[PDB]
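Visitor: These protein sequence lines are chains E, D, F and G, in that order. The numbering of the first sequence is the deposited numbering, which starts it at 2 and goes up by one. The numbering of the second sequence is the deposited numbering, which starts it at 12 and goes up by one. The numbering of the third sequence is the deposited numbering, which starts it at 54 and goes up by one. The numbering of the fourth sequence is the deposited numbering, which starts it at 38 and goes up by one. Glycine residues also receive a C-beta, built at the ideal position from the N, C-alpha and C atoms.
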Amino acid sequence: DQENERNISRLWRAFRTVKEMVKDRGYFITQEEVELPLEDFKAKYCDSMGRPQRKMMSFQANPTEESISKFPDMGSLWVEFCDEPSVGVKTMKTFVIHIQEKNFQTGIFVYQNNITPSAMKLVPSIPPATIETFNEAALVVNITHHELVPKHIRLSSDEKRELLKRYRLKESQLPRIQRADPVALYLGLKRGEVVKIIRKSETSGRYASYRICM
Amino acid sequence: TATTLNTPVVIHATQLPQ
Amino acid sequence: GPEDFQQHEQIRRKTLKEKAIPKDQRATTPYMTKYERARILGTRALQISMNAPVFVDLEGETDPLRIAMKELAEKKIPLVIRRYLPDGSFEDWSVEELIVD
Amino acid sequence: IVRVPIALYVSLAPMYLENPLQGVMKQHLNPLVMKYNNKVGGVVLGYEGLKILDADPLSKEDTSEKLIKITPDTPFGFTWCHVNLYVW
Numbered sequence: 002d003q004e005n006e007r008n009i010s011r012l013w014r015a016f017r018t019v020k021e022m023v024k025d026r027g028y029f030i031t032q033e034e035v036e037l038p039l040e041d042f043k044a045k046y047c048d049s050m051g052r053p054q055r056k057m058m059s060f061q062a063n064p065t066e067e068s069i070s071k072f073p074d075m076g077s078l079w080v081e082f083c084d085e086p087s088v089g090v091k092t093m094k095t096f097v098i099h100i101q102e103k104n105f106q107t108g109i110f111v112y113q114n115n116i117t118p119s120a121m122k123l124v125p126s127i128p129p130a131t132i133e134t135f136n137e138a139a140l141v142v143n144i145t146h147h148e149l150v151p152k153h154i155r156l157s158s159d160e161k162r163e164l165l166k167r168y169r170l171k172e173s174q175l176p177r178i179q180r181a182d183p184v185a186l187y188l189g190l191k192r193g194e195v196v197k198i199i200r201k202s203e204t205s206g207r208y209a210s211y212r213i214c215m
Numbered sequence: 012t013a014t015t016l017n018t019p020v021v022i023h024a025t026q027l028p029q
Numbered sequence: 054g055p056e057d058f059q060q061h062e063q064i065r066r067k068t069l070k071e072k073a074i075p076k077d078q079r080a081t082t083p084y085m086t087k088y089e090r091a092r093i094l095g096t097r098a099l100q101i102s103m104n105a106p107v108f109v110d111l112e113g114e115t116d117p118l119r120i121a122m123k124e125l126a127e128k129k130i131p132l133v134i135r136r137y138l139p140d141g142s143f144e145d146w147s148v149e150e151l152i153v154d
Numbered sequence: 038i039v040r041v042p043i044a045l046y047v048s049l050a051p052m053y054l055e056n057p058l059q060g061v062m063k064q065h066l067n068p069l070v071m072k073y074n075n076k077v078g079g080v081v082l083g084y085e086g087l088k089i090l091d092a093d094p095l096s097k098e099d100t101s102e103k104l105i106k107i108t109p110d111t112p113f114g115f116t117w118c119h120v121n122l123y124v125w
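1) If you measure from the beta carbon of residue 77 of chain F to each beta carbon in chain E, is any gap under 7 Å?
2) Would you kindly check if the distance between the Cβ of residue 138 of chain F and the Cβ of residue 162 of chain E is under 7 Å?
3) Take residue 81 of chain E as the anchor and find which of E/89, E/74, E/59 has the nearest alpha-carbon.
4) If distances are taken between C-alpha atoms only, which option among E/183, E/2, E/43 comes closest to residue 138 of chain E?
5) Give the secondary structure of residue 128 of chain F by DSSP, where H, G and I count as helix, E and B as strand, and everything else as coil.
6) Within its chain, find whatever has a CB closer than 8 Å to the CB of residue 133 of chain E; leave out the 5 residues flanking it on each side and keep chain order.
7) Compare the Cα-Cα distances from residue 115 of chain E to each of E/90, E/94, E/99 and report the closest residue.
8) Do residue 39 of chain G and residue 19 of chain D count as a contact pair if the criterion is CB distance below 7 Å?
9) Drop a sphere of 10 angstroms on the beta-carbon of residue 55 of chain E, count the other beta-carbons inside from all chains shown, and report buried for 16 or more, exposed for fewer.
10) Between E/2, E/77, E/52, which lies nearest to residue 84 of chain E when the distance is taken from Cα to Cα?
11) Starting from the Cα of residue 74 of chain F, find the closest Cα among F/95, F/119, F/141, F/132 and give me that residue.
12) Look at the alpha carbon of residue 85 of chain F and the alpha carbon of residue 15 of chain E, and state the distance between them as a whole number of angstroms.
13) What are the boundary residues of the beta strand (DSSP E) that includes residue 134 of chain E?
14) Indicate whether at least one CB of chain D lies closer than 7 Å to the CB of residue 92 of chain G.
15) Mind listing the chain D neighbours of residue 59 of chain F? Cutoff is C-beta to C-beta under 7 Å, in chain order.
16) Chain F beta carbons: is any one of them nearer than 7 Å to that of residue 95 of chain G?
17) From residue 165 of chain E to residue 148 of chain E, what does the alpha carbon distance come to, in whole angstroms?
18) Short of 6 Å in beta carbon distance, which residues of its chain neighbour residue 77 of chain G, apart from the five on each side in sequence? Order them along the chain.
19) Do you know offhand how far residue 22 of chain E's Cα is from residue 156 of chain E's?
20) State the DSSP-derived secondary structure class of residue 23 of chain E, mapped to helix, strand or coil.
21) Grab the span of the alpha helix (DSSP H) containing residue 85 of chain G for me, first residue to last.
22) Which chain D residues are close to residue 89 of chain G, counting only those with a beta carbon under 8 Å from its beta carbon?
23) Using the C-alpha atoms, what's the distance from residue 198 of chain E back to residue 208 of chain E?
24) Shortest alpha-carbon distance to residue 179 of chain F belongs to which of F/152, F/58, F/101?
25) Which parts of the region 82 to 123 of chain E are runs of the beta strand (DSSP E), unbroken and 3 residues or longer, counting only runs that do not cross its ends?
26) How would you write the range of the beta strand (DSSP E) that residue 58 of chain F sits in, first residue to last?
27) On a Cα-Cα basis, can you pick out the residue from F/149, F/143, F/89 that is closest to residue 78 of chain F?
28) First and last residue of the alpha helix (DSSP H) that includes residue 61 of chain G?
29) What are the boundary residues of the beta strand (DSSP E) that includes residue 144 of chain F?
30) Could you check which residue in G/68, G/102, G/51, G/55 has the C-alpha nearest to that of residue 12 of chain D?
31) Could you confirm whether any beta carbon from chain E is found closer than 7 Å to the beta carbon of residue 142 of chain F?
32) Taking 7 Å as the threshold (beta carbon to beta carbon), is residue 169 of chain E in contact with chain F?
33) Please work out which residues of its chain come closer than 8 Å, Cβ to Cβ, to residue 108 of chain G, disregarding the five sequence neighbours upstream and downstream, and give them in chain order.
34) Using the Cα positions of residue 106 of chain F and residue 159 of chain E, report the straight-line distance between them to the nearest angstrom.
35) Quick one: does residue 69 of chain F have its CB under 7 Å from some CB of chain E?
36) For residue 124 of chain F, count the other beta carbons within 10 Å of its own beta carbon; 16 or more makes it buried, fewer makes it exposed. Which is it?
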């Protein structure tokens with residue numbers, strides 16, 4: 002293994018980032034599960050020949066009790082690791098019917114190299130469930146561990162109403178976070194829901210600011 | 012004359028003449 | 054006509070009442086800001102220079118701004134600051150209600 | 038003789054900043070007597086029941102201390118008023 006070890010390590014780091022992403026989004030993942038050592042990862046998801054068997058790592062996550070108390074309508078979550086380098090339309094159809102039959106309220110999909118453009122016009126075509134697509138690349142590093150990136154907390158409905166009443170605001174007037182920047186993708190943010198940012202201002206230490214996703 | 016010191020800015024009928 | 058104006062006036066006054074914030078829940082600064090002090094002095098000076106009745110005793114001074122400053126020192130300025138919230142809501146603080154510096 | 042309730046928008050002088058009722062009366066209402074008005078439709082023969090509206094809506098209408106809005110660039114105040122006019 003000259004570069005196959007590098008592929009295995011990148012895939013393990015991507016898996017760790019996905020577990021951290023789900024946990025931050027508010028699902029039940031054990032700390033030992035998140036901080037999975039490389040040897041245990043190889044002994045679990047990798048065969049003797051060294052190939053990264055990516056069918057095993059497709060896991061199902063459920064909200065925690067605190068997450069259920071915060072957001073009443075949070076459902077289960079599904080994560081997939083497609084074996085083929087490019088995800089095809091047939092695989093996308095299988096994924097969407099799988100999400101429908103399991104009645105998951107949220108599905109997470111990854112693609113090793115590329116996704117065909119034709120398999121992208123029908124993902125937002127099955128409400129109310131949503132499908133979010135990430136890559137094995139751009140996930141080898143968790144972009145919320147960067148000191149420039151503050152801590153983002155997804156504001157609940159009650160807290161958002163309290164914020165709007167406190168500032169006598171309108172949902173449009175708040176500072177805006179794009180739907181496609183890495184933090185909103187990381188949190189799985191939806192249009193209309195406010196996020197909370199704890200900024201490390203050098204003049205006031207901790208500082209609480211809120212952005213809305215529009 | 013007719014400054015804003017002798018005549019009202021607007022005279023509006025509140026209701027019908029009663 | 055008259056009824057159209059009546060409903061227009063009712064809508065206007067209803068909006069005004071819906072925007073006003075009662076005295077028991079205003080969350081603005083108890084102090085009088087420098088801008089509020091300066092404008093209250095200027096407006097009171099305008100009023101007194103326009104032959105308004107005065108409350109404090111004149112010490113021979115004739116500068117209207119100085120007389121207004123004397124009134125502010127004696128808290129005899131009969132004016133109200135209507136602090137406007139960004140959305141149009143307003144809190145009616147009184148000059149005597151506010152603490153100058 | 039028909040009683041026509043109207044709503045005014047009159048100016049208040051700092052000279053009259055202490056008896057605004059008589060101030061409004063003498064600035065606007067008293068000139069209108071015995072003069073035809075292009076709005077109501079007849080010569081005004083008098084007036085009564087002049088009540089000044091309040092710039093503070095939350096103030097109870099039974100109070101005796103009302104708010105008048107001072108012009109930003111002038112010590113004059115403009116407020117809404119209600120009054121009944123004797124129109125012939």
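Guide: The relevant details are as follows:
1) As a first step, residue 77 of chain F is located in the third sequence; it is residue number 24 there, counting from the start. The C-beta of residue 77 of chain F comes no closer than 7 Å to any C-beta of chain E.
2) Position 161 of the first sequence holds residue 162 of chain E. Position 85 of the third sequence holds residue 138 of chain F. Their beta carbons are not under 7 Å apart, which means residue 162 of chain E does not touch residue 138 of chain F by this criterion.
3) Numbered from its first residue, the first sequence carries residue 81 of chain E at position 80. Among E/89, E/74, E/59, the Cα nearest to that of residue 81 of chain E belongs to E/59.
4) Residue 138 of chain E sits at position 137 when you count from the first residue of the first sequence. When each option's Cα is compared against that of residue 138 of chain E, the closest is E/183.
5) Position 75 of the third sequence, counted from the start, is the residue given in the question as residue 128 of chain F. It is coil, neither helix nor strand.
6) Counting from one through the first sequence, the residue named residue 133 of chain E turns up at place 132. Excluding sequence neighbours, residue 133 of chain E sits near 107, 108, 109, 110, 186, 189.
7) By 1-based counting over the first sequence, the position of residue 115 of chain E is 114. Residue 115 of chain E has its Cα closest to that of E/90, out of E/90, E/94, E/99.
8) Taking the first residue of the second sequence as 1, we reach residue 19 of chain D at position 8. Taking the first residue of the fourth sequence as 1, we reach residue 39 of chain G at position 2. Their beta carbons are not under 7 Å apart, which means residue 19 of chain D does not touch residue 39 of chain G by this criterion.
9) As a working mapping, residue 55 of chain E is identified with position 54 in the first sequence. Under this definition residue 55 of chain E is a buried residue.
10) To locate residue 84 of chain E, count along the first sequence from 1; it is residue 83. Nearest C-alpha to residue 84 of chain E: E/52.
11) As a first step, residue 74 of chain F must be located in the third sequence, where it is residue number 21. It is F/141.
12) On the third sequence, residue 85 of chain F is found 32 positions in, with the first residue counted as 1. On the first sequence, residue 15 of chain E is found 14 positions in, with the first residue counted as 1. Approximately 57 Å, taken between the alpha carbons.
13) Here residue 134 of chain E corresponds to residue number 133 of the first sequence, with the count starting at 1. First-last of the beta strand (DSSP E) with residue 134 of chain E: 131 to 136.
14) The count along the fourth sequence starts at 1 and reaches residue 92 of chain G at position 55. Taking Cβ atoms only, chain D never reaches closer than 7 Å to residue 92 of chain G, which makes this a no.
15) Stepping through the third sequence from its first residue, residue 59 of chain F is reached at position 6. Within 7 Å Cβ-Cβ: 25, 26.
16) Residue numbering aside, residue 95 of chain G sits at position 58 when the fourth sequence is read from its first letter. Taking Cβ atoms only, chain F reaches closer than 7 Å to residue 95 of chain G, which makes this a yes.
17) Within the first sequence, the letter at position 164 stands for residue 165 of chain E. Within the first sequence, the letter at position 147 stands for residue 148 of chain E. C-alpha separation (whole angstroms): 29 Å.
18) Within the fourth sequence, residue 77 of chain G is the residue found at index 40, counting from 1. Once the five neighbours on either side are set aside, the close Cβ partners of residue 77 of chain G are 41, 124.
19) Here residue 22 of chain E refers to the residue found at position 21 when the first sequence is read from its first residue. Here residue 156 of chain E refers to the residue found at position 155 when the first sequence is read from its first residue. Rounded to the nearest angstrom, the two C-alpha atoms are 17 Å apart.
20) In the first sequence, residue 23 of chain E corresponds to position 22, counting from 1. If DSSP states are grouped into helix, strand and coil, residue 23 of chain E belongs with the helices.
21) Within the fourth sequence, residue 85 of chain G is the residue found at index 48, counting from 1. Where residue 85 of chain G is concerned, there is no enclosing alpha helix (DSSP H), although the beta strand (DSSP E) it sits in stretches over 81 to 89.
22) Against the fourth sequence, residue 89 of chain G aligns to sequence position 52. Under the 8 Å cutoff, chain D gives no residues; its nearest Cβ is about 13 Å from residue 89 of chain G.
23) The residue given as residue 208 of chain E occupies position 207 in the first sequence. The residue given as residue 198 of chain E occupies position 197 in the first sequence. In a straight line, the C-alpha of residue 208 of chain E is about 8 Å away from that of residue 198 of chain E.
24) Here chain F covers residues 54 to 154 and nothing more, so residue 179 of chain F does not appear.
25) 107 to 112
26) Counted from its first residue, the third sequence places residue 58 of chain F at position 5. Note, residue 58 of chain F: premise wrong, no beta strand (DSSP E); alpha helix (DSSP H) at 55 to 72.
27) Along the third sequence, one-based indexing puts residue 78 of chain F at 25. It is F/143 whose Cα lies nearest to the Cα of residue 78 of chain F.
28) Within the fourth sequence, numbered from 1, the residue matching residue 61 of chain G stands at position 24. Element bounds for residue 61 of chain G: 57 to 61.
29) Along the third sequence, read from residue 1 onward, the residue named residue 144 of chain F stands at position 91. Here the beta strand (DSSP E) through residue 144 of chain F covers 143 to 147.
30) As a working mapping, residue 12 of chain D is identified with position 1 in the second sequence. Ranking G/68, G/102, G/51, G/55 by Cα distance to residue 12 of chain D puts G/68 first.
31) Working through the third sequence from its first residue, we reach residue 142 of chain F at position 89. Yes, contact with chain E.
32) In the first sequence, residue 169 of chain E corresponds to position 168, counting from 1. So, interface residue.
33) Counting from one through the fourth sequence, the residue named residue 108 of chain G turns up at place 71. Contacts found: 114, 115.
34) Translated into the one-based positions of the third sequence, residue 106 of chain F becomes position 53. Translated into the one-based positions of the first sequence, residue 159 of chain E becomes position 158. Using only the alpha carbons, I get a separation of about 53 Å.
35) For the purposes of this step, residue 69 of chain F is taken as the residue at position 16 of the third sequence. Not one chain E Cβ lies under 7 Å of residue 69 of chain F.
36) Here residue 124 of chain F corresponds to residue number 71 of the third sequence, with the count starting at 1. Classification for residue 124 of chain F: buried.
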